[PDB]
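Atom set for the values below is all heavy atoms of this structure, side chains included, hydrogens, waters and symmetry mates excluded. Numbered from 1 within each chain, the chains take letters A, B, ... in sequence-line order.
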Amino acid sequence: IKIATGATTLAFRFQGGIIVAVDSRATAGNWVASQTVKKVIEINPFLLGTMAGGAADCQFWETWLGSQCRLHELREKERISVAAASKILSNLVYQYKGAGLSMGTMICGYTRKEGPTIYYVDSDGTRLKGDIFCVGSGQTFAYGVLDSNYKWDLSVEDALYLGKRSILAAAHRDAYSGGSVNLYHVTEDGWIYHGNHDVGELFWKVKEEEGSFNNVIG
Amino acid sequence: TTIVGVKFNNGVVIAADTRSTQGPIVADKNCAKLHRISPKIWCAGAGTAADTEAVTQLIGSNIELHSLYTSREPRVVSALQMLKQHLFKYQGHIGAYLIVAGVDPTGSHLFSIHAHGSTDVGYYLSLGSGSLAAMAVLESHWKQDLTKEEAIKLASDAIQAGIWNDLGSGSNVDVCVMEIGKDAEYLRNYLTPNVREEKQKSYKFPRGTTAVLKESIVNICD
Amino acid sequence: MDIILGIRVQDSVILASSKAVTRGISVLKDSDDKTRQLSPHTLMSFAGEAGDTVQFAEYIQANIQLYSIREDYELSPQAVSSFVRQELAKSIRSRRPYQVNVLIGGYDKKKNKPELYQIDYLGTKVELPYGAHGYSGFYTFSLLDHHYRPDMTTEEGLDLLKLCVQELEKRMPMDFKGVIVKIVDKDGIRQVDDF
Amino acid sequence: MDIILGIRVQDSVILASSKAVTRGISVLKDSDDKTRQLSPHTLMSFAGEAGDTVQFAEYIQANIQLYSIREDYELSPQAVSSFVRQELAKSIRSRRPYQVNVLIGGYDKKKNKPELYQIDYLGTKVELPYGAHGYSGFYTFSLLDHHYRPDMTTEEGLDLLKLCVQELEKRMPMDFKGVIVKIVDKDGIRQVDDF
Amino acid sequence: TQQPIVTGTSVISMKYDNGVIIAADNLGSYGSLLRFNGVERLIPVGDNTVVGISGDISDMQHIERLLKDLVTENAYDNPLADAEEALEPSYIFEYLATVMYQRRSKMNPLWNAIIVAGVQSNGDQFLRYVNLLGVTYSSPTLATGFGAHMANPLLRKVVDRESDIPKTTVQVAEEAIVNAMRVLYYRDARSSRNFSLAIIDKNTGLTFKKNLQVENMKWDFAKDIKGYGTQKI
Amino acid sequence: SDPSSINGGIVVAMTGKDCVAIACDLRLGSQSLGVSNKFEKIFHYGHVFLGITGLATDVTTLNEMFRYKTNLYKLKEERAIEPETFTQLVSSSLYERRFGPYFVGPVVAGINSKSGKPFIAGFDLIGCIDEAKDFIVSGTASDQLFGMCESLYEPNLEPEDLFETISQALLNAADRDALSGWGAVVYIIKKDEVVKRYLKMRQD
Amino acid sequence: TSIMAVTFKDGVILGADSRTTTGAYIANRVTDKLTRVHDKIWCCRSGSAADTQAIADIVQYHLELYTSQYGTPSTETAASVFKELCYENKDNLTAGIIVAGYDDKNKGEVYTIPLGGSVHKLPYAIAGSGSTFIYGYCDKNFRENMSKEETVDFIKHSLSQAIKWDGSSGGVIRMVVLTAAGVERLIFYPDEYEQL
Amino acid sequence: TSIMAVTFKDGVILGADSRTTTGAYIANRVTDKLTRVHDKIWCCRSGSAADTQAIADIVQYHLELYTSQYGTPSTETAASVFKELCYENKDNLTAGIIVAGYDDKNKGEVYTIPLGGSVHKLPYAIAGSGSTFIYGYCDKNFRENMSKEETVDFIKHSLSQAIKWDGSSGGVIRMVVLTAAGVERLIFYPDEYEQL
Amino acid sequence: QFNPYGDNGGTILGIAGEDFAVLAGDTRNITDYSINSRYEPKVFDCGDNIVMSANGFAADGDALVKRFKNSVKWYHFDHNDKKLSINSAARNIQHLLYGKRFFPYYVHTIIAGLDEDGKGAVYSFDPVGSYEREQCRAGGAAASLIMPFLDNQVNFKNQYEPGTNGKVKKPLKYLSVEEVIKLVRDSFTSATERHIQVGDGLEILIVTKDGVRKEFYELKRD
Ligand SMILES: *[C@@](C)(CO)[C@](*)(O)[C@H](CC(C)C)NC(=O)[C@H](Cc1ccccc1)NC(=O)[C@H](CC(C)C)NC(=O)[C@H](CCc1ccccc1)NC(=O)CN1CCOCC1
Ligand SMILES: *[C@@](C)(CO)[C@](*)(O)[C@H](CC(C)C)NC(=O)[C@H](Cc1ccccc1)NC(=O)[C@H](CC(C)C)NC(=O)[C@H](CCc1ccccc1)NC(=O)CN1CCOCC1
Ligand SMILES: *[C@@](C)(CO)[C@](*)(O)[C@H](CC(C)C)NC(=O)[C@H](Cc1ccccc1)NC(=O)[C@H](CC(C)C)NC(=O)[C@H](CCc1ccccc1)NC(=O)CN1CCOCC1
Ligand SMILES: [Cl-]
Ligand SMILES: [Cl-]
Ligand SMILES: [Mg+2]
Ligand SMILES: [Mg+2]
Ligand SMILES: [Mg+2]
Ligand SMILES: [Mg+2]
């Protein structure tokens, strides 16, 4: 079978919380299986997870994670920390290490004691706290736009555009990334969905309005 | 592919299906696998498509030059000998599996050639992925002293067995009849039992459906 | 194995090439010039298999210089790029192919236009506004795709390039010890000493 | 992968560990702390296979902290190092071994002496005046062999270390994004913020 | 993980208007050696089912033992064991198919290809295939091994689809099967002349024919064949 | 390391009423990395058109080779080469490299100047000719193109209608292939006029 | 394949089955494995059908050219030409050939040429995959200076058993008789030899 | 190995060579391959010496325990125990065994058990590497209801040929006769059987 | 070495309408170049207005369907005959597939039915349990041939409003059951022409609030 598919996912911390942005394409070799894949997993109203590597592995275990988080707050009468939620997942995949799980995800949340927090969790056991993360076949293209334009004091509007523009950059260059862009804004009171954006229409729109992509005739 | 050859009273007949594959994909639904080596010597080809066409054209060319040099009509055994020695030299790397048949001053003949250069003689033969399906029919219905019309029927029935039961074979049935004292008659699309049914809907688009960025006149003249 | 970049702007072509030469776990040199002048208005940068790179670049250089003497005339960048492509196209089906990727930056004096050609070791030629070889493109193209304008000046091109090198220095795993930058324009070839 | 160094001087142990975390062709982080405090006067740095490193370090940390609570007493660096060695010695013959190399820097309060232990993933323990894991030793040991004196101060030790990091930054192929330095002495563990 | 040692070749079968026919040769091959000649590969279960098996003979003998034990077990505490609660072909097939798939899922297969032919209690014809992979399918004609390549084409000329079954008599169907067994003897290098044939009819019941031989063969034309091309003598 | 799917690309050709059409995408990449969106895969020698997919270096090399051979043909024959003859030349040239082949999928298209008959043909990498009445496909999205063409195509289409059919066949096939797209070009070929149109498509 | 050649009082007889296989499929059930390289020098072919045909064709060419210059070649000479081809191209050939011929001086002679390309002159020879099963039978039943009818029965019974046990052998039993009288072709069908 | 078992009028006779090899070295030239699992149920062993010994020892244990509880076991029962071991451990065994026994009701019986672990009841059986060379001879010469002396000659001549052609067979020919009279051991030396 | 997997060919297709949903599949079963059956159904009514097909390796496909049908049965026992919603069935199937993550069912699964608002629903699964709801999905051997055609005709991709300079897209709308069946039939007749593993017959299962209806159509048998 083929679990090794392409993607571009990102998540970054800023003044107003966390932005999460992903592409929508799934490929089996050169064959484009889907253009409408949901690569952001809604763990619960306060926590998000990104899909990269194995689609099933990410779906199954990040849904499972939501079940563990619900049990935590039922027993402790308190919201689970992002640190604790991420570690439940990382410890779990570490047990399966060597078996062949394929996972590269960002666990994103905003709590009182922590603030906006992102943990990169990975199928070989890695668990990293950080400000900016990009994962997938098109991660390099997205990093370039992120690094050069990122500031902590970004507005919510500008931060949403930056995440959208970074995915577009990858979708354009990386063959295994594209379809559409899904945006999310994570606040202390929960995440907010900021729509699905077709890359076909989005590209031409950004080209005209921004003046970028002069190499492309339109 | 499915290809066959059948001897009869006053000559020989060969036949073939018309499917050409590229993996599991049908590349050509109506390709010609019957090749002319000389006017009265014809060849059915299975295996690597380029190799069967290339090897049959090369030997056909050399047969023509030989016929002109000797002031004689070419013989099937000459084509057989030239083909097998060519194929043997390339140790099977030229993937041509052929049924060679024809009439000449010596009489009527039917042979098969394999990629590695081995030849066989027979009254009925079959090659290709559907050869087992075809051979099953030939072994069931063949007899000595076949007429022209009986041999065509048997040959086409053998190809049909391949068409229906072998996924490698399909579409139509080509035939070539080589009778002694007569011109060889090539019967292209002798049977067409796989006609595509009428489509449910027309997919003719309204004009202007396709978005266009630039138009320009191309200069083909000098 | 390294960083060769190229940017074609309004009136010039800019080539940037990494200075590091690594063998095993040791950086043997940090001031290596990965380029050869083929003609007064044509420059070629290169990257790939050790030994093959310089051997190929100098072989091309010799052939172009021979042509210049014979005809008392400079070949156009397009003509040079086609010659280079054909040599690599021959090479790929040889007993031992040249594993060399090149960028050819030149200024066409007849057209009064800068030209940048990207040719990989297979003999795959493309004319581009900006180009790269290896992993370098994976980082910089999104930046160039965004910030690059066709009417930029040489100074604007150098700033755009700095931005690319900064992104490479931030996100690339290996230390490539900075870059040597060279400009090709109507007045010929010159090196930027402070980068 | 990478750079963990250790130097034992007169009155303290200094550990230096690289900040880079690389996965594929991308530096994911440049501020990673590759160490855990096992006890108030014992520090362990680590390097090796991804995931295994942190999982192992935290497992050891938990066991030593458990001991401290149970006995209301701090284990000596020698005792901690022996415990760590045994865990790795068990691990190497397991179904899936911990591929982790560690340095253990500690100050023994009973002896009033600093102690540095080097333990590889096989469970190979050695007490040393200075130590390293991976390719780091191939560069720095000749420097330490030369400049290291047993009666050095903490400040002299930090200068000797700077010299090592400089040689690594010059000759090593990969960019390891500098080092986090920590000192272990009679007063406990503290971090040098400006290095 | 196995490799087959002593093997049995093609099993062929088809439906006709009132029942089913199944046949298989009596050979147990040991690679290229035609070692055993008295091997029965058709095994009746009750008076309404016949299981035809190809592939590894040691695994076939194991399946024989399972089917024999199945009949015994079904008779336990069952007053209607020879009537309403007798073993059906569909019951026997599903049991085998369960076993074959379980064994492939433990990476220790029964190296066989099996065809279960019979008539149900309501008169319906039953014909289904199962193999070492647990793969199952049904068709008006079914065959294993070389039979799939050579017999099916001949049997499908008689019964090409479902509507051809009522139009096919037992005389015509048996003739086609016997003809197919001759063709396999001509063209399969691991086949024998001797074979067994079984008919399960909804009216006349189970008829089991042993020690049949391929006959009416065409070999005379061989004398006229000389050399491999040019040779005249 | 599969030469035919490193650079990516597609070509499709169709026949209509007294006309032919040939179309190609503009992408050139290095596996996942898109490198150029101006890499045209269709060339012409006189009134004969040749599309080539596969390994880009061989695409370039073969174009230069057939330009070479058709220029000499014209000088000696004192006339432009016809599609049927050119098809045989392509086949011969490819089979000459039978045991060290060019990794390509060429497609010939054109109208015979004498008879006026529309002609298309396709080849495999070693020169086997695939002649067709209806359509020919080639490239990394050949499966997708076969599916579109087999459903969308109908005989005797007028040039303006044929344009829409071939354009839609190419566009929708290219969007289900990662290694194809990034622009497209369509040639509409009549007896004595040729129109070339660039299509607007999604750039991902 | 099952092939054999047997010398007797009046000359020599070659024998063979008629089966040609591709794996377990019988590509030809009426094959002629007894092939003429000269008027009264024949050979039995086993191994690769392509290799043995190519070899026999070359030998026939060499012996035809020999005859034009030096007159009728000996059976030993024919075996030497076979050997030369089989030995010098041993790395690229799979051919087990038995050479049999009739001289007036030397009478019936049999030479066998295995895979390696060695030559062995024998009273009788057996070869091919099916020969393994009749080494015991042939050794016990062979006698020198047999009659024509005895030799025909010996070959018939021997190849009958070889065919019975070997899946790679079958069809008809072809035979070629080489004597001073001339060349006689014989054939025996399944219905006869199977029930021996 | 060359082994065989043959039923006849008065019972059954087992036969075997005495060679044990390690590659081309003969580790034992006087091996006893005919082994007792019960008073009048014996077996011929071929394949791995270790595997066949381990199997025979287990079968002897099972049949001894059977006899203590249920009385004398049948030859079919003995063959079933062999089969069970050979079939269930087919992945780890290399054993070709022929089981032979004498009942008063059933008389002489022979069962053969090849590599796979299948069971085949036969009038006579041959097995081992050397058996290949005598399939033809044994098929032509075997008759049902032979006398003791005829059966001894049949086995002697058969194994003589198997030994002659098979390098992996040789030494002495051991035989064990199973009848109502009792159990008789026979041996035949090279000087006798070679010149048959 | 023993290979526990096989390829039984075939292709399937699921489309969702406004108040209905269809799940189609060809009836041909194959191994290599042989036809095992011309009519072997692989689209099943599983109860609770859920239709299901698991295409690829038929042994794994039958096992999965059999386990899901059983899952539906026990859902009724354990939860007071509650109707299993299509979304609940989908999640349950994920757990069936992922339960064998390290020895997968070699199948592409598609289910169809109506959601809890009465609207048409189609869900598709990869071999290890990742799933997604879609309007349109083709699976199996000829998926690559059919799917881009659906994108164009169902979701109107690459189609712009005539005269609008490619600025205004063609508007999305629900299709009738009659129009959907037309697309299904044309999809399969096209795939039959160009894919060797597709043919013989076409069986469609239509799901409305009234129940599950069946339709059968002949396909080319070559
Ligand atoms: C029946 C239909 C199948 O056995 C017949 O035997 C026919 C015989 C007729 C056409 C003469 N055989 C084929 O159609 C034959 C099957 C085949 C395929 C591959 C190897 C051997 C036999 N098909 C072909 O030869 C096609 C002809 C095309 C459709 C015009 N050619 C290919 O499939 C080539 C194979 C070329 C080849 C090179 C070296 C050694 C052997 C064969 N393959 C491709 O084009 C695949 N690929 C496409 C992307 O570009 C790179 C190559
Ligand atoms: C008996 C059968 C064995 O001793 C005889 O020796 C006869 C001799 C007669 C024909 C003169 N031998 C064969 O029939 C011979 C068996 C054989 C096979 C392979 C190598 C050596 C001997 N059969 C052949 O030579 C056939 C004849 C064809 C069907 C007309 N050829 C093949 O089987 C080719 C040979 C390729 C080859 C392999 C190794 C060395 C030389 C040539 N093989 C295939 O076609 C492979 N086949 C493809 C389909 O997949 C199954 C394998
Ligand atoms: C004839 C010889 C063949 O049919 C008989 O079957 C006899 C049967 C008698 C002894 C009951 N078989 C043997 O003599 C038998 C031949 C054999 C060899 C290997 C596998 C199967 C059969 N010989 C043996 O079993 C010897 C007996 C020793 C010398 C006492 N054992 C070996 O040859 C061992 C066996 C190891 C083994 C391999 C595979 C499966 C099971 C066991 N092999 C070696 O010692 C290897 N030897 C080491 C030195 O380098 C050369 C190889
Ligand atoms: Cl032959
Ligand atoms: Cl022993
Ligand atoms: Mg893309
Ligand atoms: Mg695309
Ligand atoms: Mg036989
Ligand atoms: Mg079809």
Side-chain angles (χ1 to χ4, degrees), chain B residues 1-18 30-46 52-83 96 98-113 119 121-127 138 142 144-160 171-192, chain E residues 229-230, chain F residues 84 88 115 129 131:
Chain B
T1 300
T2 307
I3 51 167
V4 302
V6 185
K7 290 249 276 182
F8 69 93
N9 283 342
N10 205 39
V12 59
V13 54
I14 58 166
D17 79 305
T18 68
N30 197 190
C31 87
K33 302 179 192 186
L34 264 39
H35 301 290
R36 185 185 77 258
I37 289 169
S38 80
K40 300 184 180 186
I41 303 171
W42 289 67
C43 197
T52 60
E53 183 81 62
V55 79
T56 209
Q57 280 188 125
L58 177 60
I59 274 61
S61 165
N62 286 317
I63 280 288
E64 188 176 314
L65 294 171
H66 190 261
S67 182
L68 267 33
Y69 188 100
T70 61
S71 308
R72 278 174 176 75
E73 295 214 331
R75 303 189 180 179
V76 181
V77 295
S78 299
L80 185 71
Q81 198 80 347
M82 291 161 75
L83 282 165
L98 307 170
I99 289 176
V100 189
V103 295
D104 57 41
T106 311
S108 77
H109 309 271
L110 177 60
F111 307 110
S112 60
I113 318 179
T119 52
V121 189
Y123 289 97
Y124 57 97
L125 300 167
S126 77
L127 257 43
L138 293 170
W142 182 89
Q144 194 76 92
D145 298 314
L146 283 160
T147 63
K148 182 189 166 190
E149 281 74 23
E150 285 179 329
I152 294 164
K153 222 281 177 172
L154 179 61
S156 61
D157 282 5
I159 297 296
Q160 279 196 61
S171 299
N172 312 134
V173 183
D174 290 352
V175 176
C176 183
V177 189
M178 287 145 289
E179 190 168 14
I180 296 164
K182 291 195 174 193
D183 292 343
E185 55 175 329
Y186 175 53
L187 298 168
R188 171 64 163 169
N189 288 9
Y190 176 74
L191 283 167
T192 54
Chain E
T230 65
Chain F
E84 293 89 343
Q88 295 295 135
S115 67
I129 302 164
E131 208 184 82

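- Among residue pairs with one or both ends in residues 146-156 of chain B, those qualifying as salt bridge (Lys or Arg N to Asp or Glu O under 4.0 Å) are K143(B)-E150(B), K148(B)-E185(B), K153(B)-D157(B); sequence neighbours excluded.
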side-chain contact (heavy atoms from CB on, under 4.5 Å) evaluation trace for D183(B) with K40(B): CA-CA 7 Å; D183(B) 292 343; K40(B) 300 184 180 186; 4.2 Å; yes

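- Residues satisfying the side-chain hydrogen bond (donor to acceptor under 3.5 Å, both in side chains) test with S126(B), not counting sequence neighbours, are none.
- At distances below 3.5 Å, not a single donor-acceptor pair connects side-chain atoms of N189(B) with backbone N or O atoms of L191(B).
- You'll find the side chain of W42(B) stays beyond 4.5 Å of the side chain of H35(B), heavy atoms only.
- Only one option out of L110(B), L187(B), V175(B), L146(B) pairs with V13(B) in a side-chain contact (heavy atoms from CB on, under 4.5 Å); it is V175(B).
- Here the CD1-CG distance, from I3(B) to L127(B), works out to 4.5 Å after rounding to the nearest 0.5 Å.
- Of all heavy-atom pairs between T1(B) and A46(B), the closest is CG2-CB, 3.8 Å.
- What you find for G229(E) and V121(B) is that their closest heavy atoms are N-CG2, 3.5 Å.
- Annotation: salt bridge (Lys or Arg N to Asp or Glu O under 4.0 Å) contacts of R188(B) (sequence neighbours excluded): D174(B).
- For the pair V55(B) and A96(B), the tightest heavy-atom approach, listed with the atom from each and the gap, is CG1-CB, 4.0 Å.
- When all heavy atoms are compared, the tightest approach of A44(B) to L34(B) is CB-CD1, 3.9 Å.
- Looking at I99(B), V100(B), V6(B) one by one, the single match for side-chain contact (heavy atoms from CB on, under 4.5 Å) with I14(B) turns out to be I99(B).
- A side-chain hydrogen bond (donor to acceptor under 3.5 Å, both in side chains) check over residues 67-76 of chain B, counting only residues at least two apart or in different chains, returns nothing.
- Atom CD1 of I180(B) is separated from atom CG of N9(B) by 10.0 Å, given to the nearest 0.5 angstrom.
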Candidate pair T119(B) and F111(B), rule side-chain contact (heavy atoms from CB on, under 4.5 Å), full reasoning: CA-CA 7 Å; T119(B) 52; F111(B) 307 110; 5.6 Å; no

Chi angles and distances behind the side-chain contact (heavy atoms from CB on, under 4.5 Å) call for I41(B), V103(B): CA-CA 6 Å; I41(B) 303 171; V103(B) 295; over 6 Å; no

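- One finds the OG atom of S78(B) at 5.5 Å from the NE2 atom of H66(B) (value rounded to the nearest 0.5 Å).
- Considering only residues two or more places apart in sequence or on other chains, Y124(B) meets the ring-ring contact (aromatic ring centres under 6.0 Å, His included) condition with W142(B), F221(E).
- For the atom pair SG (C31(B)) and CD1 (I129(F)), the distance works out to 12.0 Å, reported to the nearest 0.5 Å.
- Look at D17(B) and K33(B) and you find a salt bridge, because one of the NZ, NE, NH1 or NH2 atoms lies within 4.0 Å of a carboxylate O, short of that distance.
- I113(B) contributes atom CD1, which lies 5.0 Å from atom CG of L80(B) (distance to the nearest 0.5 angstrom).
- Between the CD1 atom in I63(B) and the CG atom in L68(B) there is a gap of 12.0 Å [rounded to 0.5 Å].
- Taking every heavy atom of both residues into account, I37(B) and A79(B) meet most closely at CG2-CB, 4.3 Å.
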Verdict with supporting geometry, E179(B) and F8(B), side-chain contact (heavy atoms from CB on, under 4.5 Å): CA-CA 9 Å; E179(B) 190 168 14; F8(B) 69 93; 4.3 Å; yes

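- Listed by chain and residue number, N30(B) satisfy the side-chain hydrogen bond (donor to acceptor under 3.5 Å, both in side chains) test with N172(B) (two or more places apart in sequence, or in another chain).
- The shortest distance between side-chain heavy atoms of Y123(B) and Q144(B) falls below 4.5 Å.
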